[PDB]
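Written out below as structure tokens is the structure these notes cover.
Side chains included, hydrogens not; waters and symmetry mates left out as well; all remaining heavy atoms used. We count ligands from 1, going down the list as the structure has it; atoms in each ligand are counted the same way. Each chain gets a letter, A, B and so on, in the order its sequence line appears, and its residues count up from 1.
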There are 2 protein chains.
Amino acid sequence: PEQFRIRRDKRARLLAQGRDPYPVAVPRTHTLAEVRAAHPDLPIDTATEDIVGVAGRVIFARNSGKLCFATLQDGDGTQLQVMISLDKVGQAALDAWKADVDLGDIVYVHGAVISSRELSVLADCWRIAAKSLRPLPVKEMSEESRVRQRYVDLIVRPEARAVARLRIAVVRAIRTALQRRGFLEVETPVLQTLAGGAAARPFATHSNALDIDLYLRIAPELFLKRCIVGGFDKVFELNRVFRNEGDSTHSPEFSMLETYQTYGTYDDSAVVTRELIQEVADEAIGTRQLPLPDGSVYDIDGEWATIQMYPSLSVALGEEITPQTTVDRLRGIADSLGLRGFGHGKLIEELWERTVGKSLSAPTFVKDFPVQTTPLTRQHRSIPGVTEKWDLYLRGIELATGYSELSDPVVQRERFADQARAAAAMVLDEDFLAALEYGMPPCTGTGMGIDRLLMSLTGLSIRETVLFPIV
Amino acid sequence: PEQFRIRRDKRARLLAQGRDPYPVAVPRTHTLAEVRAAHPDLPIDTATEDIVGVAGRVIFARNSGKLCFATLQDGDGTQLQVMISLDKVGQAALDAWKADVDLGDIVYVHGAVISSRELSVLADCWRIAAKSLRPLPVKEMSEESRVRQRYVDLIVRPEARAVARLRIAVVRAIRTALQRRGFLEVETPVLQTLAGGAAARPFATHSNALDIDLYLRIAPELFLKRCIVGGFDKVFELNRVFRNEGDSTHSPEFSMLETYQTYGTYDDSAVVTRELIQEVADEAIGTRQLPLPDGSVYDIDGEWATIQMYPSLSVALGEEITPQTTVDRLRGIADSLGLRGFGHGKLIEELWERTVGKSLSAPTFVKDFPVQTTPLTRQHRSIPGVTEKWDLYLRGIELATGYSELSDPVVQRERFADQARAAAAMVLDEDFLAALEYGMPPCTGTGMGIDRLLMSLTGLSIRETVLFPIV
Ligand SMILES: N[C@@H](CCCC[NH3+])C(=O)O
Ligand SMILES: N[C@@H](CCCC[NH3+])C(=O)O
């Protein structure tokens, strides 16, 4: 905080001297990566006649009488050395360098590209591009200091830079994979008169303009389905959803992909989802043999096994479990395993996750879900009491879901009435039901969180994968 | 509502007969546009041996004894005729067609591609893909009925389909224009502990997980600037912002582009913005001679004039107006023109919009703004009392803004303290100021609303350009 005071004094002194420590422009000719790419093998201790204008954050300084060295680091982490020499710039210029420049300062330098006894610019000219009032921390940054000051994390930790660029490359890879298949990206409302399309409690805000509460969307699904009714063949939306969470490690704001494809079933969207994930790994990561932080390697290449929920649970419990199995039977199994109340569907999913889910290692689709827990998904084409839903588990993590969508408006109203009754202490989404009543062609939806994808591919947590986590 | 009851009866009858009016799948081989593209000139009244599976919404029907014709319309508005003939399908099939199929119903038909005495499929086979419980309206759709039921608007009005696809093509064109220049797209928070980076009242919501109010972002600007400090060279974010409006025709939710570029000034971002807009028109519209709904044509090709606010206002008022001109002088001019209170900057902008702004027709940049109204923009490099801001007016509409960004953390704190004092009845964004104190390289930001862009290019209002406007 004394170092704060001295940097603040240098700013005021620089101003007073008619020097400008926040100039509007410096004439930067090249990024440092550009200069590096244009001199891959310069014979050591040799000079060239490529004059450049570079700019960079001084991350290392090493002074003497007649010659000061610094490492400039460009924003991407590329480095170039500058040398401030009595012979080439003023004695005044050299003294100003020594008096004026601190670690963290952004500096412009103009000069000739050379190699040292290390690629360097021997300066004719330099100025401050931006005076840092706070010194950089060093081996001096806690996990939650990183998240409270991502801007400092990105300056000092190369891994923060690579994670930031990987998320961007992953999101781009997804847009590329879907646009190549003819998906159009749509923008549906964030503020809704009622938030539907998932199981979660909404955030409420007061509209001045309508003197009512509006709800931040929990999911785009009901609006994307209106797009299907409207004649979109292939649609997706990649954007924030909001779940007002209470005792939770799941973030209240997170980026979600949803896709809808007409004249396909959950079987089709299962294939597309595998291909999309494999294409994202190829584009953004460069391999399907994923390196993890424990030094392990997770293979997502080839075909992925599919299992059914009721059969795989039957095999794990050693008895036949079906959509007919009573709640009292299932409650007794749950008790025997040491586990708003008891529902057939909720018990099937809980016992499945507890017995089969925890065991899964290779990438696996589980399909054919209980009707009670899948209000928006079509009843199975041949199997009584299940719906056409899959969940994809990749490296143990619940990653993605796909459905053969319910288009029958009368079944859909019944399912919403069941839900409305069950949480009564009861208005339905009548506009959504109205859209289904105009006719929705058969279609398949998917959902996949971007942070879950990055975690499944890399082992990084939500606190590493989102630029600016809540705090 | 009787037509509702009859459609509902046909659904129940179809179910009872073991027929499925919402089948999970039909085997569609081709889109209708595909079939059209594969038979551009079939000699009229001739048969081919291309069997197809098509599916489409029956938008026109014309029945007889032995032969029923229908127009299927694919989601994109492409049409193909089907012919249901006693000779090729059952007598039973023909009667079921007549009894079972209504306008708005989605129907699959399998058969041979032929031309009529008009491109058609002569059916071997048909089924319902989705039974419509509500008939389509016709010349029967009010402007706010269109917006309350966009899904019906997209079915019946080709222009709704073309506007929906144009917005998507414009947003894609922008991503393409910025990615081609090396801009990375980032995701910054929507929910903030305090909403900054623009002049507007925020929406508030209660966090359960933190028992505090959070604020929906009014702008990404302060987080994008943290990205610049963090070493991003070129960043953009294309996403919703939220302004809690009261007496307003400006929407509470709207999609905004912001871009930031290091080592450029407002002069650089002015060029990029023109090029970006011209590239968007080229990609999404196909011309720079923009057709408007009044039949007029607006030319956005070539170079755009730039004017300065103080000089252009001086010429319009017939006296020299400068950053020194007093509020009392300006108040008197405002009165003479028949116009939380009186500020020098607010009066300059109001008199400029009233005298020069209203006159502009050709695309025009106005630059060099009053310091009081531009708290985040750098003081001008040579002109005392103005900031490096431009506003672009295109076809009379205020479209876009660009700034030479303020990086001086001490000037920035002063400007925030001025604002905080002026609305006191006073906490600053200390984390944002902290980021500037680590050092932000010189950079230029822009802002441009997607609905304003579409309006400036097309003459369409916000109620036409957003898929699902609030209602
Ligand atoms: N709305 C779902 C994703 C789409 C699944 C298919 N309709 C969710 O929040 O998980
Ligand atoms: N935050 C500005 C846009 C960016 C202008 C350059 N910093 C706005 O809401 O208009």
Side-chain angles (χ1 to χ4, degrees), chain A residues 188 195-200 217-225 228 235-237 241-243 250 254-261 264-266 269-270 273 369 373-378 387-392 398-407 440 443-449 452, chain B residues 188 195-200 217-225 228 235-237 241-243 250 254-261 264-266 269-270 273 369 373-378 387-392 398-407 440 443-449 452:
Chain A
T188 70
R217 68 167 163 202
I218 56 173
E221 164 161 10
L222 301 186
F223 281 97
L224 289 170
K225 276 174 174 177
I228 302 300
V235 275
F236 81 98
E237 182 159 18
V241 303
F242 313 83
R243 331 285 188 110
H250 296 351
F254 63 97
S255 178
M256 179 77 187
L257 171 71
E258 295 201 15
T259 86
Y260 291 84
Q261 186 188 134
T265 82
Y266 76 151
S269 58
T273 296
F369 269 67
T373 54
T374 58
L376 294 156
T377 138
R378 196 196 183 276
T387 59
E388 297 207 356
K389 168 178 178 174
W390 55 255
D391 266 4
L392 169 66
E398 200 251 292
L399 214 206
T401 302
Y403 299 174
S404 297
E405 299 300 341
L406 187 61
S407 47
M440 192 170 62
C443 65
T444 175
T446 70
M448 184 177 54
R452 289 272 182 88
Chain B
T188 70
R217 68 167 163 202
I218 56 173
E221 164 161 10
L222 301 186
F223 281 97
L224 289 170
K225 276 174 174 177
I228 302 300
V235 275
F236 81 98
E237 182 159 18
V241 303
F242 313 83
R243 331 285 188 110
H250 296 351
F254 63 97
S255 178
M256 179 77 187
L257 171 71
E258 295 201 15
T259 86
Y260 291 84
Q261 186 188 134
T265 82
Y266 76 151
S269 58
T273 296
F369 269 67
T373 54
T374 58
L376 294 156
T377 138
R378 196 196 183 276
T387 59
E388 297 207 356
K389 168 178 178 174
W390 55 255
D391 266 4
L392 169 66
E398 200 251 292
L399 214 206
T401 302
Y403 299 174
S404 297
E405 299 300 341
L406 187 61
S407 47
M440 192 170 62
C443 65
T444 175
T446 70
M448 184 177 54
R452 289 272 182 88

> Where the side chain of B/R452 meets the backbone of B/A400, is there a donor-acceptor pair that is under 3.5 Å apart?
Replying inline: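 No, because the side chain of B/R452 does not come within donor-acceptor range (under 3.5 Å) of the backbone of B/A400.
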
> Taking atom types as modelled, is there a side-chain donor on B/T446 or B/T259 under 3.5 Å from an acceptor on the other?
Replying inline: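 Indeed, the side chains of B/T446 and B/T259 share at least one donor-acceptor pair under 3.5 Å.
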
>> Hydrogens and angles aside, do B/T188 and B/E237 bring a side-chain donor and acceptor to less than 3.5 Å of each other?
In response: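 Short answer, yes.
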
> Near ligand 2, which protein residues have a heavy atom under 4.0 Å away?
Replying inline: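 Answer by chain and number: B/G197, B/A198, B/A219, B/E221, B/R243, B/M256, B/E258, B/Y260, B/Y403, B/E405, B/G445, B/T446, B/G447.
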
>> Could you work out, with salt bridge (charged side-chain N to carboxylate O under 4.0 Å, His left out) as the rule, every residue matching B/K389, not counting sequence neighbours?
In response: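 Salt bridge (charged side-chain N to carboxylate O under 4.0 Å, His left out) check on B/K389 returns B/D391.
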
>> Going by salt bridge (charged side-chain N to carboxylate O under 4.0 Å, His left out), name the residues that satisfy it together with B/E258, two or more places apart in sequence or in a different chain.
In response: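 Expected list: none.
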
> Of all residues at least two apart in sequence or in a different chain, which pass the ring pair (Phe, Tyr, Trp, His ring centres under 6.0 Å) check with B/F223?
Replying inline: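 For B/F223 the ring pair (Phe, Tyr, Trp, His ring centres under 6.0 Å) partners, ignoring immediate neighbours, are A/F468.
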
